[PDB]
């Protein structure tokens, strides 16, 4: 119901994150170029959402009858818009990945016997619409499967749970519903969520800005705390499970995620509560054997020292501003929640490649 992407045939709107959280407002995305400019201006947030916004905007152009006339002029049209869509924010694989599928889908269809301009046009549109429903359905699965495994682990006989989360993994990082925040939604909709705790997530503040927003909007009983209150909250506020998202999960289950996650896992262990990572398999990168092989992005120190255009920190001080940390898999005590089920880290590699 909370939608950062609104799409219907011939109609695409996006929620402008630049205006959040004071104001929630939608912007109409008329063209591939508008999507490109919106993605780059960071109105659209989350690699899976960014991918979906670019491809959906192509389908709007196609619905409008853009591309061609011809067919090879239309395949050419599609491939050009995608490779241009890949240019917007090559932060991540999602756009490039989706571009291949569709472009492959167009080619296979154009290469079909009796192929026409019209067949390719609709086919590309329909697969694009398949993508969107697929992300929504997947995120729903992560939330439901995650909520179920968690209840079985923590309160199997009935009884509510209190969940603490980190950064933003909800409707504002995805097509809709979210991952870790999806799990919270499912618990809540089952009437089994006592309370949700969300951290500020310095220095980019996605937890204070975006997660708090979603929880208020959903009228989910929630409390915001600082990153540094996480242990006290586990000790004195009855937290019984921790669920986080992932930037990247590697083959052994080591998980790169927004910084503070590795701290959360340590603190969860100490208070003996299960630590869950919730991520789609498209977020699991099975090339890397270990979290060692992950480069940690370091961002400019000013982004840590300054907030809202004003420097808070003392002048001259050195700064370390890693965007992420890596959580070793032995701390992922709850599991890794995917659209294909919840997995113990040692099981992840084999389960992803051998089950549908």
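Numbering follows the first chain given and starts at 1.
Undergrad: If you average the Cα B factors in the entry, which is higher, 281-289 or 216-224?
TA: Taking the mean C-alpha B-factor of 216-224 and of 281-289, the larger value falls to 281-289.
Undergrad: So 112-120 or 170-178, which one's hotter by mean CA B-factor in the entry?
TA: Stretch with the greater average CA B-factor: 112-120.
Undergrad: Please work out which residue in 256, 243, 127, 136 has the highest C-alpha B-factor recorded for this crystal structure.
TA: Result of the comparison over 256, 243, 127, 136: 127.
Undergrad: For the listed residues 210, 234, 105, 196, which one has the largest C-alpha B-factor as given in the deposited model?
TA: Each of 210, 234, 105, 196 was compared by C-alpha B-factor; the highest is 105.
Undergrad: Ranking the modelled residues of this chain by C-alpha B-factor as given in the entry, is residue 309 in the lowest, middle or highest third?
TA: Its C-alpha B-factor belongs to the middle third of this chain's values.
Undergrad: In terms of the CA temperature factor given in the entry, to which third of its chain does residue 339 belong: lowest, middle or highest?
TA: According to the entry, residue 339 has a C-alpha B-factor in the chain's middle third.
Undergrad: Taking only the Cα B-factors deposited for this chain, tell me whether residue 327 sits in the lowest, middle or highest third.
TA: Residue 327: CA B-factor falls in the lowest third of its chain.
Undergrad: Considering only modelled residues of the same chain, in which third does the CA B-factor of residue 247 rank: lowest, middle or highest?
TA: Middle third, going by the recorded CA B-factors of the chain.
Undergrad: Quick one: classify residue 57 as lowest, middle or highest third of the chain based on its Cα B-factor.
TA: It falls in the middle third of the chain.
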